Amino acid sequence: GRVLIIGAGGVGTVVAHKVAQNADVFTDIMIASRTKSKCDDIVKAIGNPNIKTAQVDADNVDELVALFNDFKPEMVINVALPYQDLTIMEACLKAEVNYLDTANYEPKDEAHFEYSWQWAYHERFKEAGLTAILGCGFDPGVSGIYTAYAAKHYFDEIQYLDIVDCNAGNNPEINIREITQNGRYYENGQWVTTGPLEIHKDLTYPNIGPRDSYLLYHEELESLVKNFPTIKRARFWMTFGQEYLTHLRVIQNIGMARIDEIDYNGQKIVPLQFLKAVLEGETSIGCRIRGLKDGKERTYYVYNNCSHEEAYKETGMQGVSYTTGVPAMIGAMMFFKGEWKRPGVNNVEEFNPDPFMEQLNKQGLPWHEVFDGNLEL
């Protein structure tokens, strides 16, 4: 049960905490990242001196292979940035290490992500007997596990999938890249494109109430549509307050959302990253699913609500880092326990959702089901 965490950010902080909380499964833990001091901060916060740390540039396959051959992990949990997905997978192949991440690949010079890059590794991973688990955060991640759970127990055919993500509380480089692209959803065999944050409507969230929700593309639509060909329409919605949208608009207008490197006193700075250097309540994230069971239409809503305060008291991080870090740990737990072992490259919906859902209820993300309700869309 040797696990290596790459990335000492908000998510990695949560993953480390949750891995440490399950030492019967995770007997040996290391945290490696670009800035080692953040790794050591996490170890001190957890209070477990047995967690090892290391500096590594995960853009460098050779550095990674040396680290992997030193610590000898059985799985690496990549919660660095999407840019590191492929170099880490390369190192995993060469050092015969299994793999898990929470976000699929996008190149540094283009804010477009898709699964082709990582799916390309399927046969190499398979012939090496290695398992890769892609997109095992909350969304992507629990959102596809929720959908697999519904398909397994409640639906003959899933026909409409609507993922809803509300942060009702009170990494910006990858975050602002995600939300500024054209919207995109799936309907009747085709991918449909909107303007950025053009389509929106009020959706009512448990314990929160109605919130302005905006349609945008999201990674998991690509694989969920592929893996559930009964789907007639799949969309993803996220809430955005007016002040947030205003700040987002201005940031773009002034040039601080740029993703190319600019030259500033002999140093290569990308405006969006420099912005990062300067930049109560709860989340509610789930899936609203409609389809057929025993010849009749049926609706289903399954969700988690995560309190920012409770997440902070446990891990020092807020609800967005918490909801992503917990499932990443559980994915590794499923592999270590043999519940999720499938040589090749896998999306979460391809595994048995039941043992994962059972752990979510025990590891800080209890989920709730509403049957036969009005899904509002």
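The numbering used is simple: start at 1 and walk along the sequence shown.
Chain break class at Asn170/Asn171 - deposited residues not modelled: Per the record, 4 to 9 deposited residues are absent between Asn170 and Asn171.
Sequence continuity check, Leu279 and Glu280 (deposited residues unmodelled): 10 or more residues lack coordinates between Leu279 and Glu280.
Mean Cα B-factor comparison, 155 to 163 or 270 to 278, giving the higher one as deposited: Taking the mean C-alpha B-factor of 270 to 278 and of 155 to 163, the larger value falls to 270 to 278.
Mean temperature factor over C-alpha atoms, higher-scoring stretch between 56 to 64 and 344 to 352: Per the deposited B-factors, the answer is 56 to 64.
Out of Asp101, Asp109, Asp139, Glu222, highest CA B-factor residue: Of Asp101, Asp109, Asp139, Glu222, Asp109 has the highest C-alpha B-factor.
Among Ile254, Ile77, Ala150, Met89 - the residue whose C-alpha B-factor is largest in the record: Out of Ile254, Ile77, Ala150, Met89, the record gives the largest C-alpha B-factor to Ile254.
Chain-relative CA temperature factor third for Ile31: Middle third of the chain for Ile31's C-alpha B-factor.
Ranked C-alpha temperature factor of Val14 among modelled chain residues, by third: Ranked within chain, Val14 CA B lands in the lowest tercile.
Chain thirds of CA B-factor: placement of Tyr205: For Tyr205, whose C-alpha B-factor we compare with every modelled residue in the chain, the answer is the lowest third.
Third of the chain, ranked by Cα B-factor, where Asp212 sits: For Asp212, whose C-alpha B-factor we compare with every modelled residue in the chain, the answer is the middle third.
CA B-factor ranking of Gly319, expressed as a third of its chain: Its C-alpha B-factor belongs to the middle third of this chain's values.
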